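Quick setup: one chain, the form deposited in one PDB entry, written in C-alpha cells, and binding and motion questions come after.
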C-alpha cells in the first residue's frame, strides 16, 4: 500500500508517455489486442484532467483515460499490467474518473476491450456490446489473380462528389454528415486516392486508399446494397491490393467496423490477418 500511488493528470509528459507505451506492449503481448489509447490525444492539454496513472513503487502498472469525441458518451480505455490484475486496480481507477465525467454532463461510458478477453463478465453486470473494431494487415507479396468480375475501376476526382456521397449514404447511413466537404478534404490530400468500381456504366462501389512509403491503408469500402453478394466487394479490394503491390509497397492495411465476427471472413479470404481487435461495450454510470 505504501508504494501504491495514483496521479490524476491533464496530459502525459515524456516520462509518462514512455511508461504507458511499455505497459501497452506488455498488455499487447499478454492479451493479443490493446484498447485505443489515442497517443496523439494524450500529449494534449484538456479542460479536466483526463488520465489516471497507477504506480507501484514508481512503476506504471495501471492506466485509465477518458475521451470526449461525440456528444452522448465518454470513451474509457483501461489497462492493468498482467501481474497486478484482479487486485482492484481497475476498480480504483474508475472511482477517480467518475467525479470528472459527472463534471461534464455525461452519464454514458463506452469501454474498448480486446476481442474475446472479457465477453463473459461484461454480460453479467449489464454491459451492452455495441460494435467491434478491427485493424488488419496483409503481408503477402503475391497479388490476387482470381476475381474476374464484369467490373472496371477508375480513380475518383472532385467531379465524383455526387457518386461518392450517394454511395456513402446507403452503405454508411449513420455517419454521413457533410459528406460533400469530407470527400472534398480527402480528394485534396495527396496521400489519399479513391477507387470507384463500375458495373457497366454505373458506379457501384468505392474504396479509399491512404498511401505511405511502405504501406497503404484501405478504408470506407462500400458496395451498393443491391449489388452486394455478387463478389464485387472482393474484386474491388483485390484490385486495390494489386494496385498497392505494383507500387512496391510491402503491406496493405485495413480498418473495418463490424457487429459480428462473420463479417471478417471476407477479408480473411483475401489474405488479411487481425493485427488488433476491440469490442466496444457500454454502460451508464448508474450501474457501478
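Residue numbers count along the first chain shown, from 1.
There is also a form deposited with a small molecule bound; it is not shown, and the following applies to it.
With the small molecule left out of view, the stretch that reaches within 4.5 Å of it through heavy atoms in the bound PDB entry is, among 155-163, 132-140, 182-190, 195-203, 132-140. For residue 37, a non-hydrogen atom is located within 4.5 Å of the small molecule in the bound PDB entry, even though that partner is not displayed.
For residue 257, a non-hydrogen atom is located within 4.5 Å of the small molecule in the bound PDB entry, even though that partner is not displayed.
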